[PDB]
Amino acid sequence: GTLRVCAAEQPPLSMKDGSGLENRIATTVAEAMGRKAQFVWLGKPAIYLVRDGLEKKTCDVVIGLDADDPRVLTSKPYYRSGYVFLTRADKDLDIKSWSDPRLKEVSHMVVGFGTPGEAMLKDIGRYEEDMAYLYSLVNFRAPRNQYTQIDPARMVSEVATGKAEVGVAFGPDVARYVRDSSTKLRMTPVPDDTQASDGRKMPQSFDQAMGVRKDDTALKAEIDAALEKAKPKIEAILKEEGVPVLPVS
Amino acid sequence: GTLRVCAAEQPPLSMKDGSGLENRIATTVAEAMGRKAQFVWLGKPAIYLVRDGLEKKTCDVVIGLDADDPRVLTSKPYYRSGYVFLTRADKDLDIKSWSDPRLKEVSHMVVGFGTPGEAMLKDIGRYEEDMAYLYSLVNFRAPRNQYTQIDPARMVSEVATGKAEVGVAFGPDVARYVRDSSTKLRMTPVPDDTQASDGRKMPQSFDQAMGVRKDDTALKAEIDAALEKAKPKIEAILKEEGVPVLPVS
Amino acid sequence: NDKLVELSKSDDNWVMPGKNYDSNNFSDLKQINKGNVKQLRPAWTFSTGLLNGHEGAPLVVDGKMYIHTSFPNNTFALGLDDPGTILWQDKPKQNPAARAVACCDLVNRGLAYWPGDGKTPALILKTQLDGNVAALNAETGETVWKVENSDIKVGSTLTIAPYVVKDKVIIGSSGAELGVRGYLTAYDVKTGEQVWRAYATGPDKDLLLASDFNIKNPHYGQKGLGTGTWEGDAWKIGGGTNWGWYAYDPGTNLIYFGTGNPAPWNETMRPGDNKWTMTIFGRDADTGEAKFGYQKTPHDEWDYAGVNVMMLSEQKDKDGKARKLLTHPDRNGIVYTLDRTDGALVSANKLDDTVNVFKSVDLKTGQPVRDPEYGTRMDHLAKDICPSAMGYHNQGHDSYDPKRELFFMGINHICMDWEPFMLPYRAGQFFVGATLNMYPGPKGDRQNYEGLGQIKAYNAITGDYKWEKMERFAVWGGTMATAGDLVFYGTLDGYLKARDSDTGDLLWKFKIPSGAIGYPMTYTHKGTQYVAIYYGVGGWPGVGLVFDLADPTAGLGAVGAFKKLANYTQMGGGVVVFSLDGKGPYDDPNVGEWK
Amino acid sequence: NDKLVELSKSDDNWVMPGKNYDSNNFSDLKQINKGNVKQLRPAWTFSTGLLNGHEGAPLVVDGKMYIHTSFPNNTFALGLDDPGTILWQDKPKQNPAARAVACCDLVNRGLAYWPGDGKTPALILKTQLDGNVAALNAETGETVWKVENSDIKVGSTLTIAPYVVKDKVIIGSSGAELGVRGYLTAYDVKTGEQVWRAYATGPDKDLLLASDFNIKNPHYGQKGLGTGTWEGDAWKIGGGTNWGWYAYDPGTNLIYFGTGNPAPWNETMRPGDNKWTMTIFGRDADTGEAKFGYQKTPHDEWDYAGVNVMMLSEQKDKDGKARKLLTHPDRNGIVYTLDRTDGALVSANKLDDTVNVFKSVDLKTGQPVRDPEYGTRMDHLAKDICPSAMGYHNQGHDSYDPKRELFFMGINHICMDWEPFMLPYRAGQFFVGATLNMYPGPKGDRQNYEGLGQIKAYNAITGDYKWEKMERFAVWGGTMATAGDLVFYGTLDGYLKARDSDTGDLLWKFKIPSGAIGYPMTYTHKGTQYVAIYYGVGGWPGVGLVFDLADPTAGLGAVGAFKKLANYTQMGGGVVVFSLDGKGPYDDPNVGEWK
């Protein structure tokens with residue numbers, strides 16, 4: 001029995017040594033179904049996994065994709081996450097919302113590329129003061145063709161060292177580094193009632209579910225059957241790692 | 001009123017950050033005398049510390065040298081040490097002497113350059129099997145002009161990986177690394193009654209005393225009057241570092 | 001200044017880039033001509049010790065040759081009687097981070113020379129990659145002063161060459177331009193204080209405009225357009241760095257230059273004309289105030305760059321009145337000819353008949369006519385867009401012949417594709433981008449990927465082309481013209497070639513160790529004419545060869561278009577000198593020997 | 001082979017290193033002579049794209065030229081009608097560790113050529129630094145077979161060139177010589193299987209000696225001395241690797257070579273003669289059995305190396321009978337002349353009258369006479385030892401003139417110092433070492449560090465020198481003699497020079513981009529003679545320039561003795577070709593152009 005799970009190199013989600021959350025969760029689900037998990041590796045990052053891995057008839061299942069994704073068929077979600085703030089504990093900077101005035105006085109903030117945080121930075125008028133810093137966190141190499149992003153470890157280091165005061169990150173990608181950080185950081189969930197100046201809503205929480213090809217309904221049925229069977233193990237692993245999971249509603 | 005000490009880059013003895021045994025044992029004595037210690041940095045390794053550092057009228061006192069050394073004056077010794085064996089746990093390979101026949105059958109051993117262990121390997125006829133391995137532990141670059149030696153961490157790493165079975169090393173150079181090693185390593189003191197094939201004795205234990213200039217008798221009086229004041233502190237630090245200490249005379 | 005003009009009239013010197021304040025690259029020597037062009041053989045060669053692109057030409061003043069290099073920007077001085085011995089060399093120790101920021105661009109464009117008065121000796125002025133400007137003694141090589149200009153943390157690195165006007169040195173800006181504007185600075189050449197600084201985008205105070213700005217052409221834009229065209233506060237990251245050449249006119253006391261493209265590369269993020277970006281400026285030399293500016297490409301979408309060379313001439317217009325004119329080629333396929341005194345538009349024409357990105361340029365209003373089929377932002381596959389990102393015209397230095405009233409130019413021949421794409425991701429995240437393909441033009445061969453360059457002779461007033469010739473690869477570096485009826489140029493294949501001026505027949509060709517991306521220079525030492533040229537390939541044309549990249553999409557399609565360059569050349573760097581019959585300093589072998 | 005002899009008789013080819021099985025570097029062409037030597041000018045040039053030392057000479061067989069580079073050991077093929085186009089290239093991908101082990105020395109000797117029978121095509125044989133040996137097709141360039149020879153983990157890296165004899169390829173060994181001994185291997189040229197192996201030190205079975213070994217000269221050492229001279233089991237670390245040249249004689253069916261120095265460098269740790277190290281050997285080609293062996297320096301103390309070139313000739317001795325002779329220069333300052341049929345000693349002389357390490361060599365016994373004042377002893381100031389560790393002669397390939405019976409050689413002029421020292425340490429440790437200084441000899445000047453080399457003409461039988469000339473820097477690479485009464489050689493200053501073969505007057509000199517550490521070669525294509533030479537600086541003389549070292553003691557004093565090389569040359573690499581009046585393939589400019 002084989003599963004042919006899609007894989008790409010990205011910390012801390014997927015590593016060759018099998019220490020990432022993807023590896024544990026895939027092994028647990030495969031053991032629940034009784035098969036042995038087989039990893040099909042692609043050198044390019046996760047962004048290219050679907051378009052080059054699933055419809056090229058090489059690997060059969062992808063482990064992490066947003067629910068109701070129109071590209072591929074999705075199974076039942078197994079956890080709920082969202083964006084979290086990051087601030088040093090001893091700095092006495094209590095932040096709970098995106099309309100707080102102190103954001104206009106912070107020396108520097110760290111956010112990702114093509115993310116709601118960047119859109120809100122444009123909305124509240126701070127992109128010009130931080131574009132150089134954002135493009136300097138990685139080397140100044142952002143070609144049109146290639147995909148560039150800031151490593152979560154770099155974000156955590158920037159928040160810890162004091163060069164950036166307030167950061168915005170995604171929980172699964174930074175939970176491991178915040179757990180093992182030498183300095184005590186502080187998280188806070190971003191409210192879902194987040195509104196821009198124009199008024200359009202900006203969601204901050206998301207489900208996570210598996211994705212399979214359009215035709216393979218039987219594999220979807222097997223995955224659905226095994227999900228409730230393996231649920232306690234997945235919950236235990238998530239609790240151990242440190243990811244702050246929100247109730248599903 | 002400040003004390004000048006001769007220091008050089010030599011892990012794990014002296015480092016810039018001051019986390020070495022040498023820096024701490026110097027600071028404790030400096031505080032005992034009530035006068036702050038100054039670190040004079042010289043680029044060349046520790047073997048050049050005396051000739052280029054003490055007789056050139058740059059620094060005042062050297063912190064670690066053998067007892068009754070002829071070229072420079074020696075103070076009262078403050079701790080013992082010696083060469084120790086290094087093997088793994090639960091391998092049923094316990095060595096208590098240099099005449100054990102199992103030493104002629106091991107795959108490889110790691111020793112230093114210009115040390116009693118090298119002479120003992122000469123005696124039992126094993127240098128030809130291991131010379132390439134020793135010159136491969138460092139890159140094959142051993143010029144006559146400069147001084148080359150294997151890093152102490154490299155020996156512990158090689159014993160832990162499995163490339164070499166039995167190692168011989170000086171206590172203080174490996175005490176820090178052995179107690180932090182992932183795999184439980186095992187030490188054993190080398191007997192002092194070690195005899196070569198010819199019969200000449202090879203000592204394996206040595207005393208450790210500070211070294212001062214020839215004419216600085218008053219500084220000698222200060223040093224050997226302040227050594228007994230902070231003796232409990234020196235003993236506590238040495239025990240904390242994990243260095244095996246043989247009884248003094 | 002005034003001594004430099006007198007030094008320029010002499011035929012034994014090559015003092016500044018372009019040899020003149022008019023930037024003609026023209027020599028009056030006629031010792032080498034069509035009668036005896038087949039007897040040119042090398043005289044001596046020199047090697048640097050770097051593997052990168054060598055741009056510009058060396059300088060020769062008072063019996064010495066000065067040679068500049070790419071990163072890490074070394075400098076050498078050589079004596080013309082004994083070229084073997086090196087009089088002095090300068091090798092800086094730079095910060096290790098400078099290489100990390102800039103990877104594609106590791107070149108430099110030249111040095112500057114100041115004759116100096118009686119009190120202060122002559123000076124050689126240079127710039128470094130880390131963002132430092134230094135002055136050195138011409139005879140010893142010591143350092144007189146050093147100042148810091150750019151910031152590596154922001155991401156600005158220096159590739160430009162300084163300019164010397166009167167008692168001042170003028171320095172621009174360059175770099176990654178991701179989150180920085182562009183500015184121009186003037187320093188005192190003796191000590192190093194700052195006199196004036198001017199910006200490209202911003203309020204009128206920062207632009208530092210004059211009272212009669214665009215007085216004669218009021219429809220080009222007069223006041224308040226630095227912030228009006230931009231929507232909001234985008235001008236703080238607008239861009240507009242200048243890294244081309246300069247021109248100077250003593251009569252009008254003006255310096256002429258042009259600015260670069262706006263940022264970011266996405267057109268939707270910056271709506272408006274984006275005024276005073278990609279525009280021609282004429283600025284005062286002393287106070288820095290601007291007299292006129294003219295915009296070429298409003299709201300650019302093809303990622304061009306208007307930083308090409310600018311030339312000056314005096315000619316009769318169509319009516320019959322003598323006028324002082326300046327000529328400017330552009331990457332978008334349009335050549336402009338304006339009046340230096342005020343800025344009136346005299347002529348605008350197309351380099352080739354296969355442009356098809358602009359229908360024409362209107363002389364009355366100055367606005368180009370666009371063709372929407374070949375435009376971008378259509379969100380589909382736009383095909384057969386010519387010219388490509390590199391454009392018809394390179395960063396080289398063309399030439400002008402006054403007696404024949406002709407312009408000798410080297411023009412690229414490449415066409416481009418464009419395909420946008422958007423890729424979603426996990427949690428409210430997506431990536432938007434575009435992919436590009438580059439292929440040879442209609443007049444070449446597409447299957448074998450050859451026929452990518454042309455060389456032409458042009459008349460500005462009438463608009464005719466006297467002759468046109470094809471080449472296997474692109475012509476990067478520029479050309480030189482000689483009064484002996486000759487045009488000299490180098491090729492990326494590794495040849496130096498000479499052509500007849502009137503007809504264009506090939507008369508002489510020689511094989512040099514590597515490709516050339518510079519322009520030749522000529523001089524005389526003792527009754528003998530020498531022609532010198534650099535060699536060493538790099539930059540955009542040789543990105544794949546230098547960095548060992550095999551992906552066609554890498555380098556914005558540069559690797560795909562230049563995939564066959566590795567079959568004809570390799571890397572290197574140095575200088576070669578040619579003379580008639582190979583006559584040189586070492587004709588007597590006993591010169592320069594031990595004892 | 002028998003085809004290679006006929007190929008070598010033709011003037012259109014240069015098939016093997018040395019141009020013959022006799023290793024002469026002699027050409028019968030007389031198109032270029034003393035009458036028209038002033039008219040030599042370059043025809044074309046080529047760049048390899050690497051910055052290291054380039055040794056050896058290119059090969060020209062059947063209208064093609066093959067070029068080899070340093071690490072990572074690339075190969076190029078060029079056509080003589082159109083040198084611009086590259087027919088094929090080979091760029092290998094090597095293990096990253098290979099550079100770590102042997103970063104000090106990154107050079108290569110050359111390539112080998114096998115004509116091939118009817119069934120199999122012609123082959124080009126090469127070696128890599130990682131320790132692999134490969135065969136490639138001459139016309140196209142694919143790989144036919146690839147074998148592994150040495151081990152990186154032990155520390156052995158390959159720099160030598162293969163030798164082709166009959167249907168076999170012969171390969172030696174090289175490396176760090178720390179804890180391994182040397183050996184010689186023969187492989188089949190068509191398949192790659194191993195035929196025979198021979199060792200330098202060890203028992204008689206490993207030595208693979210013959211029944212009549214040293215039958216004519218029993219006092220040279222006959223049997224059992226491979227382990228007798230050494231104490232205990234030291235011969236397992238003895239050393240004796242060979243990285244020199246070879247010679248072959250069809251009449252006697254023997255291959256002549258010489259072995260290297262013993263290890264470790266401390267003469268105290270290896271007491272005895274250390275037999276069959278630094279030994280001239282002549283071995284059978286088919287079976288590998290040794291016929292005779294002669295030892296030069298028993299118990300070496302100065303860290304010399306007897307790996308120089310062997311030459312063959314046929315001359316009359318002092319008695320008046322014709323004899324077949326082999327000549328061998330050596331680093332210690334002694335030239336040996338032996339009989340290549342049995343091994344009898346015919347002559348032994350001193351290269352220069354400033355040799356103090358030896359007084360004379362006894363012909364009856366073969367044991368050199370030593371001067372103990374200039375020896376190496378502990379706690380002493382060994383001062384003014386001539387020669388140094390580099391030695392008077394080195395890796396260049398000298399020349400011979402059959403008609404004049406003269407040897408043309410390039411000889412170093414360097415003298416060294418020696419001072420031992422012992423440094424104690426903390427716990428029963430001590431370091432023993434030696435410090436060395438190098439300076440020019442008496443005939444030069446020591447204040448300015450100039451005059452480090454000379455060039456000489458020598459007669460083997462009588463022992464006289466016809467002429468003697470000095471040079472600014474040490475000659476390095478070899479010489480090439482022609483029948484037009486000319487001797488060509490290159491200089492580290494970046495010069496190619498030609499001298500008269502009778503008196504020695506300098507007639508022609510040209511300036512190449514960088515210094516040369518190879519030897520020139522000559523050929524003819526269509527009624528025209530061409531002379532080609534490499535350029536590029538590396539090895540011991542260029543260690544300070546290559547690695548940017550400023551400590552005099554670094555490089556065993558090489559930096560101090562060559563501290564002024566940076567004022568004349570820089571780094572580079574490539575090939576240059578010269579011809580009369582510059583005539584070449586591109587006389588008609590239309591050849592090789594796109595159409």
# chains A, B, ... in the order shown; residues from 1 in each chain; ligands from 1

$ residues_around --residues "range 139-147 of chain A" --least-positions-apart "3" --cutoff "7 Å" --atoms "only C-alpha atoms" --output "PyMOL selection string"
(chain A and resi 135-136) or (chain C and resi 101+433-435)

$ interface_residues --of "chain B" --to "chain D" --cutoff "10 Å" --atoms "only C-alpha atoms" --output "ChimeraX atom specification"
/B:46-51,64-67,69,71,81-83,112-116,125,127-136,138-148,170,202-208

$ closest_residue --among "D:491, D:248, D:111, D:507" --to "residue 5 in chain D" --atoms "only C-alpha atoms"
D:248

$ select_by_dssp --residues "range 377-502 of chain D" --states "strand (DSSP E)" --output "PyMOL selection string"
chain D and resi 382-385+399-401+406-412+414-424+430-440+453-458+465-471+479-482+486-491+495-500

$ interface_residues --of "chain C" --to "chain D" --cutoff "8 Å" --atoms "only C-alpha atoms" --output "PyMOL selection string"
chain C and resi 41-42+44-51+84-86+451+471-472+493+506-514+567-572+574+581-582+586+589-590+593-594

$ calpha_fit_rmsd --fixed "chain A" --moving "chain B"
0.4 Å

$ residues_around --residues "residue 61 in chain B" --least-positions-apart "2" --cutoff "10 Å" --atoms "only C-alpha atoms" --output "list in words"
residues 3, 4, 5, 6, 7, 50, 53, 54, 58, 59, 63, 64, 210, 211, 212, 213, 216, 219, 220 and 223 of chain B

$ atom_distance --atom1 "CA of residue 189 in chain B" --atom2 "CA of residue 106 in chain B"
19.5 Å

$ select_by_dssp --residues "range 19-217 of chain B" --states "alpha helix (DSSP H)" --output "MDAnalysis selection string"
chainID B and resid 21:32 116:123 127:137 152:161 171:179 217

$ residues_around --residues "residue 31 in chain C" --least-positions-apart "6" --cutoff "8 Å" --atoms "only C-alpha atoms" --output "PyMOL selection string"
chain C and resi 484+528-529

$ write_last_selection --atoms "N, CA and C atoms" --output "PDB file, in the first residue's frame"
ATOM      1  N   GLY C 484      40.197  59.631 -41.417  1.00  0.00           N
ATOM      2  CA  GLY C 484      40.799  58.886 -42.502  1.00  0.00           C
ATOM      3  C   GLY C 484      39.785  58.005 -43.196  1.00  0.00           C
ATOM      4  N   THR C 528      53.410  58.469 -34.363  1.00  0.00           N
ATOM      5  CA  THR C 528      52.813  57.174 -34.651  1.00  0.00           C
ATOM      6  C   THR C 528      51.436  57.104 -34.014  1.00  0.00           C
ATOM      7  N   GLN C 529      50.471  56.573 -34.757  1.00  0.00           N
ATOM      8  CA  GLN C 529      49.090  56.479 -34.303  1.00  0.00           C
ATOM      9  C   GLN C 529      48.831  55.105 -33.700  1.00  0.00           C
TER      10      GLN C 529
END

$ residues_around --residues "range 11-22 of chain B" --least-positions-apart "4" --cutoff "10 Å" --atoms "only C-alpha atoms" --output "list in words"
residues 7, 26, 27, 39, 41, 46, 63, 64, 151, 152, 153, 172, 173, 174, 175, 176, 177, 237, 238 and 241 of chain B

$ write_last_selection --atoms "N, CA and C atoms" --output "PDB file, in the first residue's frame"
ATOM      1  N   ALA B   7      46.374  36.745  26.432  1.00  0.00           N
ATOM      2  CA  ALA B   7      45.294  35.893  25.961  1.00  0.00           C
ATOM      3  C   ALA B   7      45.380  35.728  24.451  1.00  0.00           C
ATOM      4  N   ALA B  26      40.837  33.824  35.320  1.00  0.00           N
ATOM      5  CA  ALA B  26      41.584  35.071  35.430  1.00  0.00           C
ATOM      6  C   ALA B  26      40.769  36.143  36.142  1.00  0.00           C
ATOM      7  N   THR B  27      39.481  36.259  35.806  1.00  0.00           N
ATOM      8  CA  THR B  27      38.647  37.293  36.408  1.00  0.00           C
ATOM      9  C   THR B  27      38.482  37.073  37.904  1.00  0.00           C
ATOM     10  N   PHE B  39      42.696  42.338  29.057  1.00  0.00           N
ATOM     11  CA  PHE B  39      42.993  41.257  28.123  1.00  0.00           C
ATOM     12  C   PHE B  39      43.744  41.825  26.925  1.00  0.00           C
ATOM     13  N   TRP B  41      45.193  41.052  23.447  1.00  0.00           N
ATOM     14  CA  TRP B  41      44.913  40.062  22.417  1.00  0.00           C
ATOM     15  C   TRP B  41      46.085  39.970  21.449  1.00  0.00           C
ATOM     16  N   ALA B  46      48.303  29.921  21.143  1.00  0.00           N
ATOM     17  CA  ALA B  46      48.798  29.980  22.513  1.00  0.00           C
ATOM     18  C   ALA B  46      50.275  29.630  22.635  1.00  0.00           C
ATOM     19  N   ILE B  63      48.532  32.888  32.201  1.00  0.00           N
ATOM     20  CA  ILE B  63      47.594  32.272  33.133  1.00  0.00           C
ATOM     21  C   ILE B  63      47.816  30.769  33.247  1.00  0.00           C
ATOM     22  N   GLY B  64      48.256  30.132  32.165  1.00  0.00           N
ATOM     23  CA  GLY B  64      48.426  28.695  32.190  1.00  0.00           C
ATOM     24  C   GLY B  64      49.735  28.216  31.604  1.00  0.00           C
ATOM     25  N   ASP B 151      41.707  20.351  16.430  1.00  0.00           N
ATOM     26  CA  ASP B 151      40.827  21.022  17.374  1.00  0.00           C
ATOM     27  C   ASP B 151      40.256  20.014  18.369  1.00  0.00           C
ATOM     28  N   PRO B 152      40.158  20.376  19.650  1.00  0.00           N
ATOM     29  CA  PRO B 152      39.642  19.421  20.643  1.00  0.00           C
ATOM     30  C   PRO B 152      38.224  18.957  20.368  1.00  0.00           C
ATOM     31  N   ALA B 153      37.370  19.819  19.812  1.00  0.00           N
ATOM     32  CA  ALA B 153      36.008  19.403  19.498  1.00  0.00           C
ATOM     33  C   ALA B 153      35.986  18.360  18.392  1.00  0.00           C
ATOM     34  N   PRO B 172      41.283  19.275  30.337  1.00  0.00           N
ATOM     35  CA  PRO B 172      40.591  20.567  30.192  1.00  0.00           C
ATOM     36  C   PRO B 172      40.163  20.893  28.775  1.00  0.00           C
ATOM     37  N   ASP B 173      40.858  20.375  27.763  1.00  0.00           N
ATOM     38  CA  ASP B 173      40.492  20.693  26.389  1.00  0.00           C
ATOM     39  C   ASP B 173      39.188  20.032  25.960  1.00  0.00           C
ATOM     40  N   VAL B 174      38.784  18.943  26.612  1.00  0.00           N
ATOM     41  CA  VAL B 174      37.619  18.170  26.201  1.00  0.00           C
ATOM     42  C   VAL B 174      36.575  18.043  27.299  1.00  0.00           C
ATOM     43  N   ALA B 175      36.831  18.588  28.489  1.00  0.00           N
ATOM     44  CA  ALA B 175      35.883  18.437  29.588  1.00  0.00           C
ATOM     45  C   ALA B 175      34.540  19.076  29.260  1.00  0.00           C
ATOM     46  N   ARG B 176      34.558  20.260  28.649  1.00  0.00           N
ATOM     47  CA  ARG B 176      33.309  20.917  28.282  1.00  0.00           C
ATOM     48  C   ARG B 176      32.544  20.116  27.237  1.00  0.00           C
ATOM     49  N   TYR B 177      33.250  19.587  26.236  1.00  0.00           N
ATOM     50  CA  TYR B 177      32.573  18.947  25.117  1.00  0.00           C
ATOM     51  C   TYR B 177      32.042  17.565  25.475  1.00  0.00           C
ATOM     52  N   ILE B 237      34.383  26.497  40.359  1.00  0.00           N
ATOM     53  CA  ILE B 237      34.297  26.690  38.913  1.00  0.00           C
ATOM     54  C   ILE B 237      34.853  25.476  38.181  1.00  0.00           C
ATOM     55  N   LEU B 238      35.987  24.952  38.650  1.00  0.00           N
ATOM     56  CA  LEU B 238      36.606  23.809  37.990  1.00  0.00           C
ATOM     57  C   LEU B 238      35.719  22.572  38.077  1.00  0.00           C
ATOM     58  N   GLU B 241      32.805  23.017  35.596  1.00  0.00           N
ATOM     59  CA  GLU B 241      33.174  22.794  34.203  1.00  0.00           C
ATOM     60  C   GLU B 241      33.279  21.315  33.852  1.00  0.00           C
TER      61      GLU B 241
END

$ residues_around --residues "residue 61 in chain C" --least-positions-apart "6" --cutoff "8 Å" --atoms "only C-alpha atoms" --output "number ranges by chain"
C: 12-15

$ write_last_selection --atoms "N, CA, C and O atoms" --output "PDB file, in the first residue's frame"
ATOM      1  N   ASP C  12      47.400  64.338 -28.895  1.00  0.00           N
ATOM      2  CA  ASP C  12      48.152  63.398 -28.079  1.00  0.00           C
ATOM      3  C   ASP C  12      47.415  62.994 -26.810  1.00  0.00           C
ATOM      4  O   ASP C  12      47.983  62.272 -25.986  1.00  0.00           O
ATOM      5  N   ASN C  13      46.173  63.436 -26.634  1.00  0.00           N
ATOM      6  CA  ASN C  13      45.462  63.255 -25.379  1.00  0.00           C
ATOM      7  C   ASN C  13      44.067  62.695 -25.620  1.00  0.00           C
ATOM      8  O   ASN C  13      43.476  62.877 -26.686  1.00  0.00           O
ATOM      9  N   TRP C  14      43.559  62.000 -24.603  1.00  0.00           N
ATOM     10  CA  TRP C  14      42.168  61.544 -24.524  1.00  0.00           C
ATOM     11  C   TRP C  14      41.769  61.754 -23.064  1.00  0.00           C
ATOM     12  O   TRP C  14      41.982  60.882 -22.219  1.00  0.00           O
ATOM     13  N   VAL C  15      41.193  62.918 -22.778  1.00  0.00           N
ATOM     14  CA  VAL C  15      41.084  63.399 -21.404  1.00  0.00           C
ATOM     15  C   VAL C  15      39.817  62.905 -20.719  1.00  0.00           C
ATOM     16  O   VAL C  15      39.835  62.598 -19.525  1.00  0.00           O
TER      17      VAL C  15
END

$ atom_distance --atom1 "CA of residue 294 in chain D" --atom2 "CA of residue 213 in chain D"
11.0 Å

$ atom_distance --atom1 "CA of residue 53 in chain D" --atom2 "CA of residue 516 in chain D"
8.4 Å

$ residues_around --residues "residue 96 in chain A" --least-positions-apart "3" --cutoff "10 Å" --atoms "only C-alpha atoms" --output "ChimeraX atom specification"
/A:85,93,99-100,187-191

$ decode --residues "range 396-420 of chain D" --atoms "C-alpha atoms" --output "PDB file, in the first residue's frame"
ATOM      1  CA  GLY D 396      60.629  23.229 -17.800  1.00  0.00           C
ATOM      2  CA  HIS D 397      61.369  21.201 -20.918  1.00  0.00           C
ATOM      3  CA  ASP D 398      64.791  22.048 -22.356  1.00  0.00           C
ATOM      4  CA  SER D 399      65.989  21.755 -25.958  1.00  0.00           C
ATOM      5  CA  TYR D 400      68.614  19.945 -28.035  1.00  0.00           C
ATOM      6  CA  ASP D 401      70.143  20.741 -31.436  1.00  0.00           C
ATOM      7  CA  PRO D 402      71.240  17.601 -33.342  1.00  0.00           C
ATOM      8  CA  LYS D 403      73.410  19.434 -35.884  1.00  0.00           C
ATOM      9  CA  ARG D 404      75.331  21.624 -33.418  1.00  0.00           C
ATOM     10  CA  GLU D 405      75.234  19.053 -30.569  1.00  0.00           C
ATOM     11  CA  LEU D 406      74.159  21.668 -28.028  1.00  0.00           C
ATOM     12  CA  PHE D 407      71.667  21.696 -25.158  1.00  0.00           C
ATOM     13  CA  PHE D 408      69.688  24.873 -24.458  1.00  0.00           C
ATOM     14  CA  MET D 409      68.598  25.222 -20.834  1.00  0.00           C
ATOM     15  CA  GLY D 410      67.098  27.742 -18.434  1.00  0.00           C
ATOM     16  CA  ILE D 411      68.640  27.792 -14.963  1.00  0.00           C
ATOM     17  CA  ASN D 412      67.456  29.480 -11.775  1.00  0.00           C
ATOM     18  CA  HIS D 413      69.711  31.748  -9.695  1.00  0.00           C
ATOM     19  CA  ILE D 414      68.523  31.547  -6.069  1.00  0.00           C
ATOM     20  CA  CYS D 415      70.290  30.798  -2.793  1.00  0.00           C
ATOM     21  CA  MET D 416      68.693  30.020   0.548  1.00  0.00           C
ATOM     22  CA  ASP D 417      69.165  29.952   4.311  1.00  0.00           C
ATOM     23  CA  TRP D 418      68.028  27.423   6.904  1.00  0.00           C
ATOM     24  CA  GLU D 419      67.341  27.737  10.617  1.00  0.00           C
ATOM     25  CA  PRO D 420      65.771  25.033  12.803  1.00  0.00           C
TER      26      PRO D 420
END
